[PDB]
Amino acid sequence: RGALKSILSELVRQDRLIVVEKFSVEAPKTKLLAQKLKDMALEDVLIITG
Amino acid sequence: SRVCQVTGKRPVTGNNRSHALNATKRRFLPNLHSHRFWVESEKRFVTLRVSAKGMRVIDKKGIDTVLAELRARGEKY
Amino acid sequence: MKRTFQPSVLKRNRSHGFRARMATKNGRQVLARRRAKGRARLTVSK
Amino acid sequence: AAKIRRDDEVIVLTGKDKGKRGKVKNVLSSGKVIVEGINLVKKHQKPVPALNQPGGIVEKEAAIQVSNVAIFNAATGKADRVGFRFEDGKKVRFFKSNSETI
Amino acid sequence: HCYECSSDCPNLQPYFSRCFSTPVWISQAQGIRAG
RNA sequence: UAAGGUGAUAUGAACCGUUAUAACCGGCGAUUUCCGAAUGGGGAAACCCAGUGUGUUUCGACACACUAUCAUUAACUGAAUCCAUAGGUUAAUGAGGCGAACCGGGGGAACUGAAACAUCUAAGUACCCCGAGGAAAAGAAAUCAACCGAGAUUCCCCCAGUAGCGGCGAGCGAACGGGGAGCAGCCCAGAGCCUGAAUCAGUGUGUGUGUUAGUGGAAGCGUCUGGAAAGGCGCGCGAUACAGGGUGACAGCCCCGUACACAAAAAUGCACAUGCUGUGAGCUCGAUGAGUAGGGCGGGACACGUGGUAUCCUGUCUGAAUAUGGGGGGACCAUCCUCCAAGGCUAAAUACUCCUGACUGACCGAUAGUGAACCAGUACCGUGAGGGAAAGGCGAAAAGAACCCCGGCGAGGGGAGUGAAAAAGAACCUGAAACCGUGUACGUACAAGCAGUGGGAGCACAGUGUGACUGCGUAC
């Protein structure tokens, strides 16, 4: 837990943590999500949802 | 083989232990004798290699009762 | 001079033959060990 | 379910005949396909005393890979892929990109 | 034309390595007097 | 399910099929020589010889069937012997054999350790045998605990390398208690009322679900290099599919697939629904497993080597009490706690993998990884048990070299040709080193020794090579 608290602290330092309020996609289609991050300007990303 | 026909006493094995406790293998053979028992039901004599413990089972339980426990077991007499 | 191997098929088949091996318990264990190995020829027979 | 069959005018997509069109002669077993007048080789055929004793440098056609050919559409003018639909209870080869039956 | 036969070794030594090495039976050197 | 096939080395030859039985794949069925448990007797496995039925017969015979032993049971007829047994025959059943490990039981080492060695250890191991199952065994308290309680067995983590045992040496090594996995209890020793009363089995339709063939799958083109594009540069599209593989180099979009959505004549696994059959409930009462427990002797098992030593097993000799009675609580006794031996069954958690399916790997990459990447338990070796190899790679595709020469109608070679490549030519990717040559430069035929090293001319090249003469110098 000290490691994960130290990685998440560093992800806001090198601005690689972006918090969204909702990330969802209507149809279960890869084409829409492929669009999902172009406007978000993402190519190599990890989505973490609750 | 040295088996009682009533009690089923095999030879068992164990040790000889000397006064210097040297273990060496031996066998405790049962006290077997062939003895002819008179049955008044069958009007005959019937011989059985029986142990001396088995001779005490026979007169305590009966010779008809012992043989009934052999035909229902699978021994031949 | 006279060497140790003097062949006779009759003395061969009575010593190491299939029926000689199948006669005893310890020869059927020989034939079990030679099927378990995968041997081409099981005995001396053919 | 083969996508490339006995008499189909096909086009070659790969390998020294890229662009050339011919007809399949026989589909072999191992994914190799003889196409008419396409994959020509030069066989130094040795004359044996019988059995075509003409022993020249025979020019036959070699087998090409079945994935290196595609069926020529000719109603679009291009190479085209194959699909399988069921029309009238029969499995039907049909072209891609216009969906029409072969 | 069925060529390039091998070097079939003797059927005595099962370790072809020493097949051409020593006979591996008796080593008789007899003159040793040390006292 | 199909437009191609007739397995492989392996070309043919003669054919079969083309959308409806050519082949292929599956389910079921038929056939299934001979040997081998081998079973009709024998035998040197793969052979020899029958017996008795039953046919059919050209009269020479020919087929098919039966004929093992054992166990259990039944039928008949049957000695000494009168009854009667033993025996004998004929049936029906069932068994045997093989199998990698796991499992239970019966037997049971030694090397080794102890720094020698005998008690002890190794170790109840290796092995041998017997038997079984998909698991087995154990299992429903004669159990523990400690005055509170727990509540069948099995397995795992602690307890704890503790308590102990021990030539108190080497070493051996628990329980109680606690956390978990999984958790079912039931029968007979017995007669009644009730009276298929749930059960637990087998068999059969029925449903749900797998397994055994399968089906559909989604999208890319120009261009430069190149022998060939899957690469580069350009510009698109699929994605619940960018797992993987193949294709002339590295492919999401060429192929096979994959994600996904589907499918079963027939035969089977599993559940369920069960109908029909077998066991057999519930209630009243009684009953409560004797040559046993215990003991003497000798052994063995318990961590526990007889020690003060419980407990268990039993070879031998004895021998109770029968619930108001009996066992245990680590010698023994008294209390008072707890249980009811001498009958039996019992799922899961557990162990294993000969074998099948996928799937994975900071696993191997041909002296490695299986002994075996390859016609490998083979060649070979041994009388035998047994031992036991070495041996992968042309190319993208045989296009595997027509033809011409030398030669012995050779072998090998030189062309010509194929091909990107033949210095890829089959003794074939790459082709190292040892080792063996040829050509060239220099040195060398009066010079003694670890052969180098320091100095060093001359010469030959375009700094390199060689190294005369010379100092020092006895490898690892």
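In what follows, every chain begins at residue 1, and chains take the letters A, B, ... in the order their sequences are listed. Side-chain atoms are counted along with the backbone in the values below, which use heavy atoms only and exclude waters and symmetry mates.
- Within 4.0 Å of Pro14(E), counting heavy atoms only, lies no atom of the nucleic acid at all.
- A sub-4.0 Å separation between OP1 or OP2 of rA389(F) and a side-chain N or O of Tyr15(E) is absent.
- Residue contacts shown for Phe86(D) are limited to sugar-phosphate atoms, with no base heavy atom under 4.0 Å away.
- Judged by distance alone with a 3.5 Å cut-off, no donor-acceptor contact links the side chain of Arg2(B) to the base of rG315(F).
- Adjacent in the strand, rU370(F) and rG371(F) do not form a stacked pair, their six-membered rings missing the 5.5 Å centre or the 30 degree orientation threshold.
- Between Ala63(D) and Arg10(B), it is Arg10(B) whose nearest contact on RNA chain F lies nearer the 5' terminus.
- Between the base of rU318(F) and the side chain of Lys53(B) there is a donor-acceptor pair shorter than 3.5 Å.
- The residue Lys9(B) sits close only to the backbone: its heavy atoms come under 4.0 Å of sugar-phosphate atoms, none of a base.
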Check your understanding: Reading nucleotides 119-129 of chain F 5' to 3', which nucleotides get B (base under 4.0 Å from a protein heavy atom), which S (sugar-phosphate only), which -?
Key -> SS---B---SS
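- Nucleic acid contact class of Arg21(C) (heavy atoms, under 4.0 Å, all strands): sugar-phosphate only.
- For the atom pair CE of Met22(C) and OG1 of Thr43(C), the computed distance is 10.5 Å after rounding to the nearest 0.5 Å.
- Taken together, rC221(F) and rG234(F) meet the test for a Watson-Crick or G-U wobble pair: both N-N or N-O distances fall under 3.5 Å.
- Within 4.0 Å of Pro47(D), counting heavy atoms only, lie sugar-phosphate atoms of the nucleic acid but no base atom.
- Using a 4.0 Å heavy-atom distance criterion, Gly83(D) is classed as a sugar-phosphate-only contact.
- Using the rule of two distances under 3.5 Å, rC428(F) and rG17(F) do not count as a Watson-Crick or G-U wobble pair.
- Applying the 3.5 Å cutoff to both bonds, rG133(F) and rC102(F) register as a Watson-Crick or G-U wobble pair.
- For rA434(F), the glycosidic angle deviates from 0 by more than 90°, giving an anti base.
- Panel note: side chain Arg73(B), backbone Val6(B); a donor-acceptor pair is recorded below 3.5 Å.
- Counting any heavy atom pair closer than 4.0 Å across all strands shown, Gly15(D) reaches a base atom.
- In this structure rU225(F) is not paired with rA86(F), as neither the Watson-Crick nor the G-U wobble definition is met at both distances under 3.5 Å.
- The side chain of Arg81(D) places an N or O atom within less than 4.0 Å of a non-bridging phosphate oxygen (OP1 or OP2) of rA219(F).
- Residue contacts for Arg6(D): at a heavy-atom cut-off of 4.0 Å it reaches the sugar-phosphate backbone alone, with no base atom in range.
- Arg93(D) and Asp8(D) are joined by a salt bridge, as a carboxylate oxygen and a charged side-chain nitrogen come within less than 4.0 angstrom of each other.
- An aromatic stacking contact links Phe18(C) with the base of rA45(F), defined here by ring centres under 5.5 Å apart and ring planes under 30° from parallel.
- Within 4.0 Å (heavy atoms only), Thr13(B) reaches sugar-phosphate atoms of the nucleic acid but no base atom.
- Residues satisfying the side-chain hydrogen bond (donor to acceptor under 3.5 Å, both in side chains) test with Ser67(D), not counting sequence neighbours, are none.
- Across the protein-nucleic acid pair, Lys42(D) atom NZ and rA399(F) atom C1' stand 10 Å apart, rounded to whole Å.
- Judged by ring-centre distance under 5.5 Å and interplanar angle under 30°, strand neighbours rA457(F) and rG458(F) are stacked.
- At a threshold of 4.0 Å, the pair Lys23(D)-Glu36(D) does not count as salt-bridged, since none of the basic side-chain nitrogens sits closer than that to a carboxylate oxygen.
- Nearest to the side-chain atoms of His44(D) among the listed nucleotides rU418(F), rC381(F), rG386(F) stands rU418(F).
- Note on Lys60(B): a base of the nucleic acid sits closer than 4.0 angstrom, heavy atoms only.
- For the segment residues 88-102 of chain D, the set of residues with a heavy atom within less than 4.0 Å of an atom of RNA chain F comprises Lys90(D), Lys91(D), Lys96(D), in numerical order.
- Residue contacts for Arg56(B): at a heavy-atom cut-off of 4.0 Å it reaches a base atom on one of the strands shown.
- Using a 4.0 Å heavy-atom criterion, one finds that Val58(D) contacts no nucleic acid atom at all.
- Pairing between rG456(F) and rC47(F): absent (Watson-Crick or G-U wobble, both distances under 3.5 Å).
- Between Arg27(B) atom CZ and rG107(F) atom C1' there is a gap of 10 Å when expressed in whole angstrom units.
- With both distances under 3.5 Å, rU338(F) pairs with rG327(F) in Watson-Crick or G-U wobble fashion.
- The residue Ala34(A) sits close to a base: some heavy atom pair falls under 4.0 Å.
- Scanning atom types as modelled, one donor and one acceptor separated by under 3.5 angstrom connect the side chain of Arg34(C) and the base of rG386(F).
- Here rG425(F) counts as south. Its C1'-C2'-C3'-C4' torsion is negative.
- Salt bridge annotation for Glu10(A)-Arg16(A): absent, with no cationic side-chain nitrogen under 4.0 angstrom from a carboxylate oxygen.
- In terms of the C1'-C2'-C3'-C4' torsion, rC83(F) has a north-puckered sugar. The angle is above zero.
- Contact check, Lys37(C) against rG387(F): a side-chain N or O comes under 4.0 Å of OP1 or OP2.
- A canonical Watson-Crick pair (purine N1 to pyrimidine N3 plus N6-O4 or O6-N4) or a G-U wobble (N1-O2 and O6-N3), each contact under 3.5 Å, is present between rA301(F) and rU311(F).
- Looking at heavy-atom distances under 4.0 Å, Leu40(D) makes no contact with the nucleic acid at all.
- Under 3.5 Å, the side chain of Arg28(C) and the base of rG36(F) form no donor-acceptor pair of N or O atoms.
- Nucleotides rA44(F) and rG36(F), compared at atom P, are 11 Å apart to the nearest Å.
- Distances shorter than 4.0 Å separate some side-chain N or O of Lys60(D) from OP1 or OP2 on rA399(F).
- Ion pairing of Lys25(D) with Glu61(D) is present here, as a side-chain N (NZ or NE/NH1/NH2) and a carboxylate O approach within less than 4.0 Å.
- Pairing status of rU143(F) against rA30(F): not a Watson-Crick or G-U wobble pair with both distances under 3.5 Å.
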Practice item. Step by step, work out the side chain to side chain donor-acceptor pair (under 3.5 Å) result for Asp64(B) and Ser41(B). Key: CA-CA 8 Å; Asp64(B) 287 29; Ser41(B) 44; 3.0 Å; yes
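- If you check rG298(F) against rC59(F), you find neither a Watson-Crick nor a G-U wobble pair with both contacts below 3.5 Å.
- Phosphate proximity of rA239(F) to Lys29(A): present, with a side-chain N or O under 4.0 Å from OP1 or OP2.
- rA267(F) and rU211(F) are base-paired, meeting the Watson-Crick or G-U wobble geometry with both donor-acceptor distances under 3.5 Å.
- When the side-chain nitrogen and oxygen atoms of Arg44(B) are compared with OP1 and OP2 of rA84(F), none of them lie within a distance under 4.0 Å.
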